[PDB]
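Alright, here's a single protein chain in two forms, structure 1 and structure 2, each given by itself as structure tokens.
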Structure 1
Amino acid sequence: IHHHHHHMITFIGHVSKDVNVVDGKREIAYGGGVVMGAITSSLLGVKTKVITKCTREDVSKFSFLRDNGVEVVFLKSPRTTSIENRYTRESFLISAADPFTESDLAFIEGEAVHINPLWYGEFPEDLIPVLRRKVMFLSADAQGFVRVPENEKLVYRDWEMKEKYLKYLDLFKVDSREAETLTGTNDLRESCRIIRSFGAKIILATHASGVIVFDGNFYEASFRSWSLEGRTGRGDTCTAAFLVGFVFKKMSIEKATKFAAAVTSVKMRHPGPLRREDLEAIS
């Protein structure tokens, strides 16, 4: 049964009960960055596994993954992560599932692993070198290292030990807010230069209209959505599509960048994750 499939990806991250509150009204969604990413890679034709944590009670509320062929390991936790977005936007970590540990890493499978955390502390930075030993292609999302809970409010703080750990990642993903926090500039291109100087050999940077990938040179592609509703999940969709194109389909870095943008645009035509009905529109 296990470790017969190198041609696969594992995402590690907490699923989440997300609560959006817009001028009074509460709206509950089940997701967390891993859900969006894993559905994307699966639908794109890469066998996908997720390692997450939540309560036993909440397992069924995240059945969408398994109802789509994604293998999920729901590790035990007395709490489920829950984030309240109060809308400029403030986010609050109402509840936090337990952090990942070294023994949780035993469940990884495949040639690639994406560290996809929601808050700083979820995936301890000292597990990065450990995971590096086990996996051929290792990527992470900056959100897990710069979004720090301070009395439940999630605030952007620099990743103090970034220069110790960035060298162990084949790819590091940042959005616009995270990039300035790490670099001190809003020039996203210069942020890529700086972050590369801290040790990241490939950087994928998303902004509101597109993606910029940097390996010493820049590769850019734009994307579009139909409506506001379509934009949520943009970053995770783009990251996963890039990993599929680059690692699994063996596209050049340029073609993978364009592929990632195209996948993100087709998904942004509607709310929620990429659908089977969308795949036709990618090319």
Structure 2
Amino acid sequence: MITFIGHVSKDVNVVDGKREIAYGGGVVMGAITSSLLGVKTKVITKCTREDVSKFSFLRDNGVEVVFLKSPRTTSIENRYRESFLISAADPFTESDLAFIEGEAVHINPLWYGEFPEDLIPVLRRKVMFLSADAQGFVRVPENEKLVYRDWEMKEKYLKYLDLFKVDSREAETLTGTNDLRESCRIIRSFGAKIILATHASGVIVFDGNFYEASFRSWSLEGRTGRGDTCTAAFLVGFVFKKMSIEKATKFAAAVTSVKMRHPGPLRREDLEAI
């Protein structure tokens, strides 16, 4: 099994002054990918009881979901690449981790404070393969605006992670350089064993050696959840399907490409084009 931990979100997407609502989040994108790829998948999330029916499609895609109690549901406004945290569900606490099973857990937060760093060592002791998304540690609400700030305790916590996911902007925030390969070297030097980095043209995986695969297709509306899809597909390929790191890198790129053809999470029919 793989478990994703993170908030679902009512996304308010604003394009040319037009507001459109999507029910998503990192965990939705990632969990649907792994489930459709044939790995037993669980989500631990928080939202209001009222909003649970907006996320019922998870169960329709084979995902076991634990909807934990919160007085609010996280909602993020995205202006097209600037984001605002409109509302925030309660953060995760240690007790939310109590029923963790499976070979793999991915920490997939939307905002710094959603998943307190103290949970990292607690979770480490419960799982064989622990991964996290940098978004949850560098994207910080300041008067709602989600600003990029360095992760002060990155050197302490990266050493707990088997895999760490970044995009260009997160990598630069953590390293001071916009050279993505160099950022990977620097981030691995902080202690993370494997770095997975997404950028416009494809995927870079670094474990001491670099592996790269380019995306084969893309769309404007399809880019949200690129990284979450890519991470989940890499985890499936490498952790569960026993692929070499090089093969799992190409696999993750292929799965991401077909998801990026449309808005929303990976669809069953996408896997017939890969």
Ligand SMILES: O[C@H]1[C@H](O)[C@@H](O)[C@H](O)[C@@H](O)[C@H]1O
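If you superpose the two forms and keep the largest set of C-alpha atoms that fall within 1.5 Å, you have the rigid core. Numbering for residues begins at 1 and runs along the sequence of structure 1.
- Here the chain appears twice, and structure 2 is the form solved in complex with the ligand.
- Fit the rigid core and compare the CA positions between the two structures: of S252, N217, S227, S60, just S227 moves by 2 angstroms or more.
- After superposing on the rigid core, the C-alpha of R275 is displaced by 1.3 Å between the two structures.
- After superposing on the rigid core, the C-alpha of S16 is displaced by 0.1 Å between the two structures.
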